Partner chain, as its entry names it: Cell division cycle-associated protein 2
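Heads up, the chain below is alone and in the form deposited without the partner chain; it's given as structure tokens.
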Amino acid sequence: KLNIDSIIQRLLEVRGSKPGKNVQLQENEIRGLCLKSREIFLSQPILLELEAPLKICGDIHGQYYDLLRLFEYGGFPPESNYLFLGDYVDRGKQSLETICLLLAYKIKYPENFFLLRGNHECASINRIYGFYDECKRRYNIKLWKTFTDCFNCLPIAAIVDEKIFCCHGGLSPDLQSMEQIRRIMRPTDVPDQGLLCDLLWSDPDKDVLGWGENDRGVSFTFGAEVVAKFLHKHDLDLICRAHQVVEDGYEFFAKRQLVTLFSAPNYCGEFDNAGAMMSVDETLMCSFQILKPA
């Protein structure tokens, strides 16, 4: 029914055009991307088990031309396998093009392209920070609600080669075993505090070794001792997350037991931060590709 190759073709057709140029897909096509990807997300585990080689990206926040630059620098699917950590919409000027290209690739390469849920893939959040407004202006609210139903089915975490735990926010004082994550039911909005909330909102903190207070007004912060206990209990080597804007695009925390990735250069057009993508080769060696704020 859905012509994925044509959709991708039109979305990529703007490579080279002046940044900011829109790609206006038909309402039916976008709705189809949501419904089809939703089916795929539900068919795969909520806790993904992936293998390198892989390219991992952090927050994109509707900066579509920067997403294009990422693919330009890392290789357009299926040239390279990808895992995004969430926060595809809000703040930026082109959340629509951004999320549609990502969903399109998920449908086109379901086994080589993966997307995790960020806190911005939650209705209460993308309703206020831009996505709703973009949908209201370019399409309609019914379509925005359709996106919400899609987002409610996104997976929550992934483990790369049994060594790298990936999630959007961070750890939770309720997280004792991976099975707790696998048992999370979808579709799900994030109505209550707890495990899922923390996985989407928590942040690492340098000042405390254990659990601390989070300035976001939700969830908690976690220190190096918490991370160490986590990694050892599940025989992991690193936690890879996003959620926090970092000046260089990537930054290590908790004595390098954790790395934060942010892929949207000059966030909100008010930061001079760079964007970064982390490459994981087949020998489990990590390298970082930086996107200078252009």
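Residue numbers count along the first chain shown, from 1.
FYI, the form deposited with the partner chain bound isn't displayed, but the following is about it.
**Q** Could you tell me if residue 290 has a non-hydrogen atom within 4.5 Å of the partner chain in the deposited bound form?
**A** Heavy-atom contact with the partner chain at 4.5 Å: present for residue 290.
**Q** State yes or no: in the deposited bound form, is some non-hydrogen atom of residue 227 no more than 4.5 angstroms from a non-hydrogen atom of the partner chain?
**A** Residue 227: no, not in contact with the partner chain in the deposited bound form.
**Q** Examine residue 23 and determine whether its closest non-hydrogen atom to the partner chain in the deposited bound form is within 4.5 angstroms.
**A** Judged by the heavy-atom cut-off of 4.5 Å, residue 23 is well away from the partner chain in the deposited bound form.
**Q** Please run the contact check for residue 253 against the partner chain in the deposited bound form: heavy atoms, 4.5 angstroms, yes or no?
**A** No.
**Q** Are all three residues 9, 29 and 103 in contact with the partner chain in the deposited bound form, where contact means a non-hydrogen atom within 4.5 Å?
**A** Not a single listed residue reaches the partner chain in the deposited bound form, so no.
**Q** Who in 230-244 is close to the partner chain in the deposited bound form, meaning a heavy atom within 4.5 Å?
**A** Residues within 4.5 Å: 237, 238.
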